[PDB]
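Enquirer: Sharing query04.pdb, PDB, N, CA and C atoms:
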```
ATOM      1  N   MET A   1     -44.681 221.760  69.562
ATOM      2  CA  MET A   1     -45.042 221.058  68.298
ATOM      3  C   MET A   1     -44.368 219.685  68.266
ATOM      4  N   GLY A   2     -45.124 218.648  68.023
ATOM      5  CA  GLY A   2     -44.525 217.284  67.980
ATOM      6  C   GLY A   2     -45.501 216.316  67.310
ATOM      7  N   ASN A   3     -45.646 216.406  66.015
ATOM      8  CA  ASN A   3     -46.582 215.489  65.304
ATOM      9  C   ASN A   3     -45.781 214.476  64.486
ATOM     10  N   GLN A   4     -46.428 213.465  63.974
ATOM     11  CA  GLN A   4     -45.698 212.446  63.168
ATOM     12  C   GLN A   4     -45.854 212.757  61.684
ATOM     13  N   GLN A   5     -44.946 212.286  60.874
ATOM     14  CA  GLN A   5     -45.072 212.574  59.429
ATOM     15  C   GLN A   5     -45.155 211.309  58.602
ATOM     16  N   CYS A   6     -45.420 211.478  57.342
ATOM     17  CA  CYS A   6     -45.608 210.323  56.456
ATOM     18  C   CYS A   6     -44.581 210.291  55.340
ATOM     19  N   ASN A   7     -43.423 209.744  55.569
ATOM     20  CA  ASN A   7     -42.464 209.623  54.451
ATOM     21  C   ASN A   7     -43.187 208.722  53.466
ATOM     22  N   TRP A   8     -43.904 209.304  52.553
ATOM     23  CA  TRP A   8     -44.718 208.492  51.626
ATOM     24  C   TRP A   8     -43.850 207.961  50.497
ATOM     25  N   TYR A   9     -43.365 206.761  50.623
ATOM     26  CA  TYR A   9     -42.507 206.187  49.548
ATOM     27  C   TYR A   9     -41.587 207.260  48.939
ATOM     28  N   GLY A  10     -41.257 208.291  49.674
ATOM     29  CA  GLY A  10     -40.353 209.341  49.118
ATOM     30  C   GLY A  10     -40.911 210.738  49.416
ATOM     31  N   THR A  11     -42.158 210.968  49.115
ATOM     32  CA  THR A  11     -42.755 212.313  49.367
ATOM     33  C   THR A  11     -43.015 212.499  50.863
ATOM     34  N   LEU A  12     -43.601 213.607  51.236
ATOM     35  CA  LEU A  12     -43.881 213.868  52.675
ATOM     36  C   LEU A  12     -45.332 214.313  52.853
ATOM     37  N   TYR A  13     -45.987 213.803  53.857
ATOM     38  CA  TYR A  13     -47.403 214.198  54.107
ATOM     39  C   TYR A  13     -47.630 214.308  55.616
ATOM     40  N   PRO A  14     -48.413 215.272  56.018
ATOM     41  CA  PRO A  14     -48.732 215.474  57.441
ATOM     42  C   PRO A  14     -49.709 214.387  57.874
ATOM     43  N   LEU A  15     -49.529 213.811  59.029
ATOM     44  CA  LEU A  15     -50.444 212.727  59.439
ATOM     45  C   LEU A  15     -51.776 213.259  59.959
ATOM     46  N   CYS A  16     -52.808 212.623  59.509
ATOM     47  CA  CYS A  16     -54.186 212.939  59.945
ATOM     48  C   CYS A  16     -54.552 211.946  61.046
ATOM     49  N   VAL A  17     -54.355 212.303  62.273
ATOM     50  CA  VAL A  17     -54.673 211.351  63.373
ATOM     51  C   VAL A  17     -56.190 211.216  63.527
ATOM     52  N   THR A  18     -56.936 212.270  63.337
ATOM     53  CA  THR A  18     -58.415 212.132  63.434
ATOM     54  C   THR A  18     -58.858 211.312  62.243
ATOM     55  N   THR A  19     -58.197 211.481  61.136
ATOM     56  CA  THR A  19     -58.539 210.653  59.967
ATOM     57  C   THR A  19     -57.542 209.496  59.930
ATOM     58  N   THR A  20     -57.054 209.130  61.081
ATOM     59  CA  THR A  20     -56.112 207.980  61.188
ATOM     60  C   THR A  20     -56.831 206.750  60.660
ATOM     61  N   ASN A  21     -58.114 206.876  60.536
ATOM     62  CA  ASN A  21     -58.971 205.777  60.042
ATOM     63  C   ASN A  21     -58.945 205.755  58.508
ATOM     64  N   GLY A  22     -57.793 205.952  57.928
ATOM     65  CA  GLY A  22     -57.678 205.959  56.442
ATOM     66  C   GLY A  22     -57.063 207.290  55.994
ATOM     67  N   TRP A  23     -57.206 207.636  54.744
ATOM     68  CA  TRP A  23     -56.628 208.924  54.258
ATOM     69  C   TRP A  23     -57.552 210.080  54.653
ATOM     70  N   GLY A  24     -56.992 211.194  55.040
ATOM     71  CA  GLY A  24     -57.837 212.357  55.431
ATOM     72  C   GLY A  24     -57.257 213.641  54.831
ATOM     73  N   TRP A  25     -57.772 214.774  55.224
ATOM     74  CA  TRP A  25     -57.253 216.062  54.684
ATOM     75  C   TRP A  25     -57.179 217.092  55.812
ATOM     76  N   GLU A  26     -56.100 217.820  55.900
ATOM     77  CA  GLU A  26     -55.976 218.841  56.980
ATOM     78  C   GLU A  26     -54.765 219.733  56.703
ATOM     79  N   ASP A  27     -54.670 220.851  57.373
ATOM     80  CA  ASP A  27     -53.510 221.758  57.141
ATOM     81  C   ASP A  27     -53.580 222.316  55.721
ATOM     82  N   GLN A  28     -54.762 222.499  55.215
ATOM     83  CA  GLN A  28     -54.910 223.034  53.836
ATOM     84  C   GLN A  28     -54.215 222.094  52.852
ATOM     85  N   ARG A  29     -53.926 220.895  53.280
ATOM     86  CA  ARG A  29     -53.254 219.917  52.381
ATOM     87  C   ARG A  29     -53.818 218.523  52.653
ATOM     88  N   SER A  30     -53.204 217.504  52.119
ATOM     89  CA  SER A  30     -53.714 216.125  52.354
ATOM     90  C   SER A  30     -52.953 215.488  53.518
ATOM     91  N   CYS A  31     -53.652 214.864  54.423
ATOM     92  CA  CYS A  31     -52.968 214.214  55.578
ATOM     93  C   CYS A  31     -53.170 212.701  55.487
ATOM     94  N   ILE A  32     -52.216 211.931  55.935
ATOM     95  CA  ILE A  32     -52.362 210.453  55.860
ATOM     96  C   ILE A  32     -52.574 209.890  57.267
ATOM     97  N   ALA A  33     -53.555 209.049  57.419
ATOM     98  CA  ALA A  33     -53.859 208.456  58.755
ATOM     99  C   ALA A  33     -52.579 208.078  59.503
ATOM    100  N   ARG A  34     -52.695 207.775  60.771
ATOM    101  CA  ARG A  34     -51.494 207.439  61.597
ATOM    102  C   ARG A  34     -50.700 206.283  61.004
ATOM    103  N   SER A  35     -51.124 205.079  61.191
ATOM    104  CA  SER A  35     -50.324 203.968  60.658
ATOM    105  C   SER A  35     -50.191 204.118  59.146
ATOM    106  N   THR A  36     -51.268 204.353  58.444
ATOM    107  CA  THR A  36     -51.132 204.521  56.975
ATOM    108  C   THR A  36     -50.033 205.537  56.738
ATOM    109  N   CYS A  37     -49.865 206.435  57.659
ATOM    110  CA  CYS A  37     -48.808 207.471  57.527
ATOM    111  C   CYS A  37     -47.461 206.829  57.746
ATOM    112  N   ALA A  38     -47.168 206.579  58.962
ATOM    113  CA  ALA A  38     -45.868 206.029  59.324
ATOM    114  C   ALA A  38     -45.869 204.491  59.445
ATOM    115  N   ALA A  39     -46.901 203.900  59.986
ATOM    116  CA  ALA A  39     -46.898 202.408  60.138
ATOM    117  C   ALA A  39     -46.339 201.742  58.876
ATOM    118  N   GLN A  40     -46.439 202.390  57.750
ATOM    119  CA  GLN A  40     -45.908 201.788  56.495
ATOM    120  C   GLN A  40     -44.453 201.363  56.710
ATOM    121  N   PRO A  41     -43.971 200.505  55.844
ATOM    122  CA  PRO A  41     -42.589 199.989  55.928
ATOM    123  C   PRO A  41     -41.570 201.051  55.494
ATOM    124  N   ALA A  42     -40.303 200.754  55.614
ATOM    125  CA  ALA A  42     -39.259 201.748  55.222
ATOM    126  C   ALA A  42     -39.053 201.712  53.705
ATOM    127  N   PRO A  43     -38.573 202.811  53.174
ATOM    128  CA  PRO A  43     -38.239 204.018  53.960
ATOM    129  C   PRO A  43     -39.503 204.817  54.308
ATOM    130  N   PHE A  44     -40.652 204.221  54.161
ATOM    131  CA  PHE A  44     -41.922 204.938  54.489
ATOM    132  C   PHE A  44     -42.024 205.028  56.007
ATOM    133  N   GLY A  45     -42.844 205.887  56.552
ATOM    134  CA  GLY A  45     -42.916 205.883  58.055
ATOM    135  C   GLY A  45     -43.067 207.279  58.674
ATOM    136  N   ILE A  46     -42.922 207.365  59.979
ATOM    137  CA  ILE A  46     -43.053 208.681  60.678
ATOM    138  C   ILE A  46     -41.861 209.572  60.312
ATOM    139  N   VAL A  47     -42.120 210.755  59.830
ATOM    140  CA  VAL A  47     -41.001 211.676  59.494
ATOM    141  C   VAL A  47     -41.002 212.820  60.507
ATOM    142  N   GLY A  48     -40.003 213.656  60.481
ATOM    143  CA  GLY A  48     -39.959 214.787  61.451
ATOM    144  C   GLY A  48     -38.664 214.716  62.261
ATOM    145  N   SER A  49     -38.364 215.740  63.011
ATOM    146  CA  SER A  49     -37.116 215.729  63.823
ATOM    147  C   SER A  49     -37.473 215.688  65.310
ATOM    148  N   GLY A  50     -38.382 216.522  65.735
ATOM    149  CA  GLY A  50     -38.775 216.528  67.174
ATOM    150  C   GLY A  50     -38.378 217.864  67.805
TER     151      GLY A  50
END
```
Will you turn the file into structure tokens for me?
Expert:
Amino acid sequence: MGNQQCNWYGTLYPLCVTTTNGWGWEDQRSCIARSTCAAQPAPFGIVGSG
């Protein structure tokens, strides 16, 4: 397991790489596109430990 996360201005969201083309939905929850997920500035960005 090794996916990127979306520290969304504080909250957390799973990244939607297939919907990396904007906001998407997956994992029975809402996923945020790749850059829209993490590409955002700090403290926004890729979350997770690895």
Enquirer: Would you mind reading off the distance between CA of residue 30 (chain A) and atom N of residue 48 (chain A), one decimal, in Å?
Expert: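 Between these atoms lies a distance of 16.1 Å.
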Enquirer: Record the distance separating atom N of residue 34 (chain A) and CA of residue 16 (chain A), expressed in Å with one decimal.
Expert: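 Distance reported for this atom pair: 5.4 Å.
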Enquirer: May I have the residues within 7 Å of residue 23 (chain A) as number ranges by chain, using all atoms listed in the file and disregarding those fewer than 5 positions away in the same chain?
Expert: A: 16, 31-33
Enquirer: Please measure the separation of atom N of residue 47 (chain A) and atom N of residue 11 (chain A), giving the value in Å to one decimal.
Expert: 10.7 Å
Enquirer: For the structure I just gave you, how does DSSP split chain A - specifically, which residues are helix (DSSP H, G or I)? Reply as a list in words.
Expert: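 Assigned to helix (DSSP H, G or I), within chain A: residues 34, 35, 36, 37, 38 and 39 of chain A.
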Enquirer: Apply the PyMOL selection byres ((chain A and resi 3) around 8) to the displayed file and report the matching residues as a PyMOL selection string.
Expert: chain A and resi 1-2+4-6+14-15+46-50
Enquirer: Find the spatial neighbours of residue 43 (chain A), counting all atoms listed in the file, within a cut-off of 6.5 Å - ignore same-chain residues fewer than 4 positions away - and output them as a list in words.
Expert: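 What passes the distance filter is residues 7, 9 and 10 of chain A.
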Enquirer: If you run DSSP on the backbone, which residues of chain A are strand (DSSP E), as an MDAnalysis selection string?
Expert: chainID A and resid 5:8 11:14 23:26 29:32
Enquirer: Atoms are missing here; could region 12-29 of chain A be completed with N, CA, C and O atoms and written as a short mmCIF file (atom, residue, chain, number, x, y, z; two decimals), in the frame of the given file?
Expert:
```cif
data_model
loop_
_atom_site.label_atom_id
_atom_site.label_comp_id
_atom_site.auth_asym_id
_atom_site.auth_seq_id
_atom_site.Cartn_x
_atom_site.Cartn_y
_atom_site.Cartn_z
N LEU A 12 -43.60 213.61 51.24
CA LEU A 12 -43.88 213.87 52.68
C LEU A 12 -45.33 214.31 52.85
O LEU A 12 -45.85 215.11 52.10
N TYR A 13 -45.99 213.80 53.86
CA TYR A 13 -47.40 214.20 54.11
C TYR A 13 -47.63 214.31 55.62
O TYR A 13 -47.11 213.52 56.37
N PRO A 14 -48.41 215.27 56.02
CA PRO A 14 -48.73 215.47 57.44
C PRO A 14 -49.71 214.39 57.87
O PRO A 14 -50.61 214.04 57.14
N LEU A 15 -49.53 213.81 59.03
CA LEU A 15 -50.44 212.73 59.44
C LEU A 15 -51.78 213.26 59.96
O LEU A 15 -51.86 214.16 60.77
N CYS A 16 -52.81 212.62 59.51
CA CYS A 16 -54.19 212.94 59.94
C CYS A 16 -54.55 211.95 61.05
O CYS A 16 -54.99 210.85 60.78
N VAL A 17 -54.36 212.30 62.27
CA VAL A 17 -54.67 211.35 63.37
C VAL A 17 -56.19 211.22 63.53
O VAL A 17 -56.69 210.14 63.79
N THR A 18 -56.94 212.27 63.34
CA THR A 18 -58.42 212.13 63.43
C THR A 18 -58.86 211.31 62.24
O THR A 18 -59.75 210.49 62.33
N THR A 19 -58.20 211.48 61.14
CA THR A 19 -58.54 210.65 59.97
C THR A 19 -57.54 209.50 59.93
O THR A 19 -57.25 208.92 58.90
N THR A 20 -57.05 209.13 61.08
CA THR A 20 -56.11 207.98 61.19
C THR A 20 -56.83 206.75 60.66
O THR A 20 -56.25 205.72 60.38
N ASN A 21 -58.11 206.88 60.54
CA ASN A 21 -58.97 205.78 60.04
C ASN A 21 -58.94 205.76 58.51
O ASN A 21 -59.96 205.57 57.86
N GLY A 22 -57.79 205.95 57.93
CA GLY A 22 -57.68 205.96 56.44
C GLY A 22 -57.06 207.29 55.99
O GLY A 22 -56.46 208.00 56.78
N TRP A 23 -57.21 207.64 54.74
CA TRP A 23 -56.63 208.92 54.26
C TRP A 23 -57.55 210.08 54.65
O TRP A 23 -58.76 209.96 54.60
N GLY A 24 -56.99 211.19 55.04
CA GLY A 24 -57.84 212.36 55.43
C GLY A 24 -57.26 213.64 54.83
O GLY A 24 -56.35 213.61 54.02
N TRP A 25 -57.77 214.77 55.22
CA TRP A 25 -57.25 216.06 54.68
C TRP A 25 -57.18 217.09 55.81
O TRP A 25 -58.10 217.23 56.60
N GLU A 26 -56.10 217.82 55.90
CA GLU A 26 -55.98 218.84 56.98
C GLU A 26 -54.76 219.73 56.70
O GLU A 26 -53.92 219.41 55.89
N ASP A 27 -54.67 220.85 57.37
CA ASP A 27 -53.51 221.76 57.14
C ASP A 27 -53.58 222.32 55.72
O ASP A 27 -52.57 222.57 55.09
N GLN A 28 -54.76 222.50 55.22
CA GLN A 28 -54.91 223.03 53.84
C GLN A 28 -54.22 222.09 52.85
O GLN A 28 -53.95 222.44 51.72
N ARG A 29 -53.93 220.90 53.28
CA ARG A 29 -53.25 219.92 52.38
C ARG A 29 -53.82 218.52 52.65
O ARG A 29 -54.81 218.37 53.34
#
```
